[PDB]
Amino acid sequence: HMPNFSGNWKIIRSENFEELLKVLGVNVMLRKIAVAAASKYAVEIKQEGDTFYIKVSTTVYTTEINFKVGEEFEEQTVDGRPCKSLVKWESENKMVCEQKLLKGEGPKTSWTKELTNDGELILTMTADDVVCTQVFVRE
């Protein structure tokens, strides 16, 4: 197995996190405690070919998703609401994920993950017109 998305990642930048949560209707006090918890974002990925295991965690919370590119799966929005998700590739090293809520009305959300040439992992998370960008390095 050669060098791909696979590995353990630790966050180093986190731009527009608060603003994203606001759009997602999170009250001030929780946004701030959330911004605090985000400087300990760890991501572990196992990638085999087309197929992905991803663990995102902070000090007190973790979640795991499993998916194949091109095949619908379920997870939660950043705000916690369950959703149907679909991942597609965009270049050698970027995937994007459109999301439709299971139940109800809310902002259009989506995320991306990309591996840069300097070997950083870059996560984006979009709610409507607001885009949160997070940068990660190998652990």
Side-chain angles (χ1 to χ4, degrees), residues 2-39 41-45 47-83 85-97 99 101-102 104-107 109-128 130-139:
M2 288 172 70
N4 54 24
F5 271 89
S6 289
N8 300 291
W9 304 90
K10 89 213 176 215
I11 184 153
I12 68 156
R13 265 198 312 297
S14 186
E15 160 195 24
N16 294 359
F17 191 52
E18 179 156 8
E19 292 83 355
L20 173 73
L21 294 181
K22 184 183 183 198
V23 167
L24 284 179
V26 173
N27 75 79
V28 190
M29 186 259 204
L30 294 179
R31 296 199 302 266
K32 299 288 188 182
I33 267 152
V35 164
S39 38
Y41 261 128
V43 170
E44 161 186 64
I45 311 168
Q47 171 189 1
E48 212 191 47
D50 200 29
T51 284
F52 282 86
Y53 165 76
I54 294 158
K55 204 199 232 251
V56 189
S57 54
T58 59
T59 308
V60 314
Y61 202 85
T62 191
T63 45
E64 289 169 315
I65 58 163
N66 273 282
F67 68 85
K68 201 142 157 300
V69 171
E71 155 179 319
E72 158 146 315
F73 69 99
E74 272 175 54
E75 50 165 0
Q76 352 172 222
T77 57
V78 203
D79 78 292
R81 313 183 59 186
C83 59
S85 271
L86 186 59
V87 175
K88 309 204 165 175
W89 301 103
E90 203 164 70
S91 57
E92 175 176 358
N93 275 352
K94 193 178 190 176
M95 65 197 59
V96 305
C97 177
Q99 281 175 352
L101 276 161
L102 274 194
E105 301 291 82
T109 50
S110 64
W111 55 259
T112 70
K113 299 196 155 67
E114 158 158 10
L115 239 174
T116 62
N117 290 334
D118 3 291
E120 298 179 310
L121 176 64
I122 296 191
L123 246 150
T124 84
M125 295 167 275
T126 304
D128 297 323
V130 164
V131 181
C132 166
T133 303
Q134 286 175 329
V135 189
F136 294 72
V137 294
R138 274 259 174 23
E139 203 165 64

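In this chain, residues are counted from 1 in sequence order.
- The shortest side-chain heavy-atom distance between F73 and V87 falls under the 4.5 Å cut-off.
- The side chain to side chain contact (heavy atoms under 4.5 Å, CB included) test applied to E139 returns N8, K10, not counting sequence neighbours.
- In this structure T63 satisfies the side chain to side chain contact (heavy atoms under 4.5 Å, CB included) test together with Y61, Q76, sequence neighbours excluded.
- Contact of the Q99 side chain with the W111 side chain is registered, since non-hydrogen atoms from C-beta on lie closer than 4.5 Å.
- Applying the salt bridge (charged side-chain N to carboxylate O under 4.0 Å, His left out) criterion to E92, with sequence neighbours excluded, gives no partner residue.
- Applying the side chain to side chain contact (heavy atoms under 4.5 Å, CB included) test to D118 and every residue at least two apart in sequence or in another chain returns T116, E120.
- Closest approach of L21 to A34, counting heavy atoms only: CD1-CB, 3.5 Å.
- Side chains of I122 and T133 form a contact here, defined as non-hydrogen atoms less than 4.5 Å apart.
- Looking only at side-chain heavy atoms (C-beta outward), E74 and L102 come within less than 4.5 Å of each other.
- Contact detail for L20 and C132: the closest heavy-atom pair is CD2-CB, 3.8 Å.
- Within the 4.5 Å cutoff, the side chain of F52 has heavy atoms near those of the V69 side chain.
- The backbone N or O of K68 lies less than 3.5 Å from no partner atom in the side chain of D50, so there is not a single donor-acceptor pair.
- You'll find the side chain of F67 stays beyond 4.5 Å of the side chain of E75, heavy atoms only.
- When every heavy atom of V96 is checked against every heavy atom of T112, the shortest pair comes out as CG1-CG2, 3.6 Å.
- Rounded to the nearest 0.5 angstrom, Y53 OH and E44 CD are separated by 5.0 Å.
- Atom CD1 of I54 sits about 11.5 Å away from atom CH2 of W9, to the nearest 0.5 Å.
- With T58 contributing its side chain and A38 its backbone, the two residues share no donor-acceptor pair below 3.5 Å.
- Considering all non-hydrogen atoms of both residues, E72 and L86 come closest at N-CD1, 3.7 Å.
- Within the structure, every pair that satisfies the salt bridge (charged side-chain N to carboxylate O under 4.0 Å, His left out) test and touches residues 12-27, not counting sequence neighbours, is listed here: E18-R31, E18-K32.
- Taking the side chain to side chain contact (heavy atoms under 4.5 Å, CB included) definition, one finds that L123 meets it with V43, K113, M125, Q134, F136, sequence neighbours left out.
- In terms of heavy-atom proximity, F5 sits nearest to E114 at CE2-N, 4.1 Å.
- From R138, atom CZ reaches atom OG of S6 across 8.0 Å, with rounding to the nearest 0.5 Å.
- Results of the side-chain contact (heavy atoms from CB on, under 4.5 Å) test with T109 over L101, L24, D79, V130 single out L24 as the only residue that passes.
- Cluster membership for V28 and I33, using ILVMFWY side-chain heavy atoms within less than 4.5 angstrom, is not shared.
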